[PDB]
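Chemist: Here you go, one structure.
Laboratory data are not the source of any read-out in this text; all were calculated from the coordinates shown. Reconstructed Cβ throughout: ideal geometry from the backbone, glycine too, with neighbour counts over all protein chains shown.
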Number of protein chains: 2
Amino acid sequence: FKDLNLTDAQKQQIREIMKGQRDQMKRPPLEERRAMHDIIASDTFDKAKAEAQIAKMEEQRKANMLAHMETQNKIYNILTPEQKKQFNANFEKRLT
Amino acid sequence: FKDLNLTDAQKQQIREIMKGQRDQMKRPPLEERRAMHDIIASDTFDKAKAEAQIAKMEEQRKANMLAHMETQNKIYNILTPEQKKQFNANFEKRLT
């Protein structure tokens, strides 16, 4: 989400960045999915199992949030000042 | 995503359950939103500032994941066995 009258140069640059995003971003193994699922799809809610499962994903979610932040920053520093202006502006508005 | 063939009863019960969701789910303060933003919208990317910020939310993301999990489970235990059956069925086909 970012609608700032881009540029052919940038449109592509932020695409090359996106690519190196899909690679620093270790999404979750079917195993985990199945485990989450299984804890939910159960006669009763084993909380300890649930917490154990959410804790085993901590490190990963952390690394991903970080990668997402770097990436968003790299794109940001491809913007021009009036674009950074529009960018920030949209956000301050998107708080509503 | 789970269309299944409910019941006026179930449809409503899960609305009630959902209502008990919006109140166990501590949404994130404008402050933190602003802080994420600021770290990203910056001449340069301060990693320590980024990790500290992601760390500071640890407690909340966890509590929220947990709640989402209980809630999906209470919903589940309201279904009937052929719905529990479709439910699971969908999922296994949903990994693809």
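Chemist: Being touching a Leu at 6+ places or on another chain (Cβ under 8 Å) and of a type in the set (K, R) narrows it down to one of A:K26, A:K47, A:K11, A:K56, so name that one.
Modeler: A:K47
Chemist: Using the structure shown, decide if B:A48 is assigned to a helix (DSSP H, G or I), out of contact with any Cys (no Cβ under 9 Å at 6 or more places or on another chain) and closer than 30 Å to A:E92 by Cβ.
Modeler: yes
Chemist: Mind checking which residues of the stretch B:22-44 are within 14 Å of chain A (Cβ to nearest Cβ) and either on the phi > 0 side of the Ramachandran plot or part of a loop (DSSP other than H, G, I, E, B) (or both)?
Modeler: Within the stretch B:22-44, B:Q24, B:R27, B:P28, B:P29, B:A41, B:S42, B:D43, B:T44 qualify.
Chemist: For the stretch A:31-39, indicate whether the set of residues that are of a type in the set (D, E), out of contact with any strand residue (DSSP E or B) (no Cβ under 9 Å at 6 or more places or on another chain) and farther than 30 Å from B:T80 by Cα is non-empty.
Modeler: Taking every residue of the stretch A:31-39 in turn, none turns out to be of a type in the set (D, E), out of contact with any strand residue (DSSP E or B) (no Cβ under 9 Å at 6 or more places or on another chain) and farther than 30 Å from B:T80 by Cα.
Chemist: Let me confirm something: among B:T44, B:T96, which residue is more than 27 Å from A:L79 (Cβ to Cβ), out of contact with any helix residue (DSSP H, G or I) (no Cβ under 6 Å at 6 or more places or on another chain) and of a type in the set (V, I, T)?
Modeler: On inspection, the qualifying residue turns out to be B:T96.
Chemist: Mind listing whichever residues of the stretch B:31-50 are surrounded by 13 or more Cβ atoms within 10 Å (Cβ to Cβ) and either in contact (Cβ under 8 Å) with a residue 40 or more places away in the chain or of a type in the set (S, T, N, Q) (or both)?
Modeler: B:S42
Chemist: What number of residues within the stretch A:1-10 are loosely packed, with under 10 Cβ neighbours inside 10 Å and in a helix (DSSP H, G or I)?
Modeler: 2
Chemist: Test of understanding: among B:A55, B:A67, which residue is more than 7 Å from chain A (Cβ to nearest Cβ) and in contact (Cβ under 8 Å) with a residue 40 or more places away in the chain?
Modeler: Unique residue meeting the criteria: B:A67.
Chemist: Condition (residue is among the hydrophobic types (A, V, I, L, M, F, W, C) and more than 22 Å from the chain's Cα centre (by Cα)) applied to the stretch B:54-71: is it met by at least one residue?
Modeler: No, the stretch B:54-71 contains no residue that is among the hydrophobic types (A, V, I, L, M, F, W, C) and more than 22 Å from the chain's Cα centre (by Cα).
Chemist: With respect to A:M18, is the statement that it is assigned to a loop (DSSP other than H, G, I, E, B), touching a helix residue (DSSP H, G or I) at 6+ places or on another chain (Cβ under 8 Å), aliphatic (A, V, I, L, M) and surrounded by fewer than 16 Cβ atoms within 10 Å (Cβ to Cβ) true?
Modeler: No.
Chemist: Let me ask something else about it. Check whether at least one residue in the stretch A:72-89 is under 26 Å from B:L95 (Cβ atoms) and more than 10 Å from chain B (Cβ to nearest Cβ), and report yes or no.
Modeler: no
Chemist: Okay, moving on. Scan the stretch B:78-96 and report the pairs whose first residue is under 23 Å from B:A9 (Cβ atoms) and whose second residue is hydrophobic (A, V, I, L, M, F, W, C), with Cβ atoms within less than 6 Å and a gap of 6+ or a chain change.
Modeler: Sorted first by the residue in the stretch B:78-96, then by its partner, the pairs are B:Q83/B:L4; B:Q86/B:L4; B:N88/A:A41.
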